[PDB]
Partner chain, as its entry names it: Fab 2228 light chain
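Heads up, the chain below is alone and in the form solved without its partner chain; it's given as structure tokens.
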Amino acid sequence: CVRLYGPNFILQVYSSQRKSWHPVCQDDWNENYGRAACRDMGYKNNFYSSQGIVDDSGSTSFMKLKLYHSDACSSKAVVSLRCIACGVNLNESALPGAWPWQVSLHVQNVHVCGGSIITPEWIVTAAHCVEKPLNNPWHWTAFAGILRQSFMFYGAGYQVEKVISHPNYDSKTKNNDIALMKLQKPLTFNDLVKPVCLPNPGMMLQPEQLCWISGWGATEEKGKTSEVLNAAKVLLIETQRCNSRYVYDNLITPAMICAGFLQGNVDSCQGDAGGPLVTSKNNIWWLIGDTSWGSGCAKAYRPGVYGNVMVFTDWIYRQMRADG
């Protein structure tokens, strides 16, 4: 078991002896080891970068050199490892390349959901998007890099090969509301189409972290899908506050997070089901949630509820690794 910790991607290895996670000394590490670890995480042949950095994880024991426990690293640095170029965008209608991970998911020539690109082949969305009668992958088309719904027509999108819902998804409560779509062909990345980064353990997000949502969702409660892609600012809302008797009264589980503004009609309706809730940290854009439930957008004391992607990242890695 291997993972990347925190916003500086500190490579950590689990120690069965100590039953705890520990950073890798830069000592004798190289790109082949980094690629091996990336493969082990499910990123296949992707590899972005690896460099030594000062350990900002707090740890007190490290893995050196084949790896063994060491109280110190001779190079006094630990491995920072990025398996894919992600979390980059351009630099209230959205500009081309502003939200390049945003996709629109269609059935029967109709926008049904949103999603987020995480690899050339994999999209994060909501499990309730692909609830029957929409569980057949052949029903779906993904449109990437296109801002206007009217330019999302037959031939302009990408066929979907696989739909995988979280195995503990509960449609009754919308608990664990996350799913993966695998495309039949890999996307070509450019200025307009790029992935968002999956969140790492230890993001240490602030209680009311500033986030963004994007999508083609209706602005007006009684309305149709927006023709053009929109985006908006939202603040995270602490789950204990979201679970107030005047908000969602204990419907928010550990697999959910709340975002928006409690007070006033701020019209946070731009998001689509399954679409991204992202935040910028360490100059990287991270996928913190996927839009799940809460129809009363633009309403006081009814913020958006999102699948908590941080707790689903291990499942996502497992699925990506299992493919093939």
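Positions refer to the first chain, counted from 1.
The following text describes the form deposited with its partner chain bound, which does not appear among the structures shown.
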property: Contact assignment for its partner chain in the entry with it bound, among 210, 228, 72, 85, heavy atom within 4.5 Å; result: 228
property: Proximity to its partner chain in the entry with it bound, single hit among 206, 93, 184, 168 (heavy atom within 4.5 Å); result: 93
property: Proximity of residue 148 to its partner chain in the entry with it bound, heavy atoms at 4.5 Å; result: yes
